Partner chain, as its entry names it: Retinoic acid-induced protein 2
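Listed next as structure tokens is one chain, alone, in the form deposited without its partner chain.
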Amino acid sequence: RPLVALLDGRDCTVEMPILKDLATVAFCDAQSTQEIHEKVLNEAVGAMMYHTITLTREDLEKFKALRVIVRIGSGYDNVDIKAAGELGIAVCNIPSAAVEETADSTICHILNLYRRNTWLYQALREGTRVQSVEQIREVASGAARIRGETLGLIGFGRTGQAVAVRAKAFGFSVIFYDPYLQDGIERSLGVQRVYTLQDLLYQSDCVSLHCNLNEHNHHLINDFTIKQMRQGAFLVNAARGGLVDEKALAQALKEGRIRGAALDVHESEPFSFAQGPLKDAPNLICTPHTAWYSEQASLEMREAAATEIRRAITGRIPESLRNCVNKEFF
């Protein structure tokens, strides 16, 4: 019975029945490879993992039997997939759960910056009394009219498209930058496309990240590129925390160069307001990587992942696999 290990989780209740008849399923609840038991490293043919552990070339080399890794989720930056491919290990993801969950939460972040619902709630919990209209204008200062603003999406894949489709009804003018996309999608969805990041930042009142983290876009948002943004623009990131240099963002918020930011993801997770470069940054929203979460989505993505493993077992790797992201294999 081939061994399949859930690396950075304990729960295995959705996966059990789907593989029960073909494989031994075990969990390591490891936050690091160091916490992975020797039995697993040596005899595990398949692995399933979330975003909370990282597998480098060195880490991957420790696996003596591993043939397939399945990310429960869409992101796979936390796995060195070229090394994986070179060692004869196939890597897969789940591309289609939490698309709409992430789109909805992202839109929520955007509307939260523009209308200030979260901050106004906070003001009331703090005991602020709002009697006169002048006091209302005062407390809600910065609440902005959305129709006419330009929302610039970096990455126009599944989540970006999902966000655009929702953004239109609020009166956003939607534009995107995605240098790997094929020509035409802009036309299908009736949105405008720009072909440099700079053009995107120059024209945008709100910039929202929806690209996957890769070798070439680490700190995409850095001190230099922030300076390319409109004075008092909004930044939203529900993609990957490595996309943003938080020190730079920290200063921009303080200086008012960015009117506000909403972050679901961070350079170092788990996030804490007492720790890190955003410690004392003003006008900041943070959520602890929950943009994806719903009951159905969590169930759905787990079931799909188990199903990918099942294909990996019964068939040829990587041909039988539905969502393998590393054909720089063998």
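Think of the rigid core as the biggest set of C-alphas that the two forms share within 1.5 Å after superposition. Shifts are known only where both forms have a C-alpha. Residue numbers count along the first chain shown, from 1.
Heads up, the form solved in complex with its partner chain isn't pictured, but that's what we're talking about next.
At the 4.5 Å threshold, heavy atoms of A26 reach its partner chain in the entry with it bound. The closest heavy atom approach of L55 to its partner chain in the entry with it bound falls outside 4.5 Å. Contact check for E61: every heavy atom lies farther than 4.5 Å from its partner chain in the entry with it bound.
At a distance threshold of 4.5 angstroms between non-hydrogen atoms, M48 is out of contact with its partner chain in the entry with it bound. Site annotation in the entry with it bound: the residue of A304, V68, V265, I36 reaching within 4.5 Å of its partner chain with a heavy atom is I36. In sequence order, the one region between this form and the one not shown where at least three consecutive C-alphas each move 2 angstroms or more after rigid core superposition is 328 to 330.
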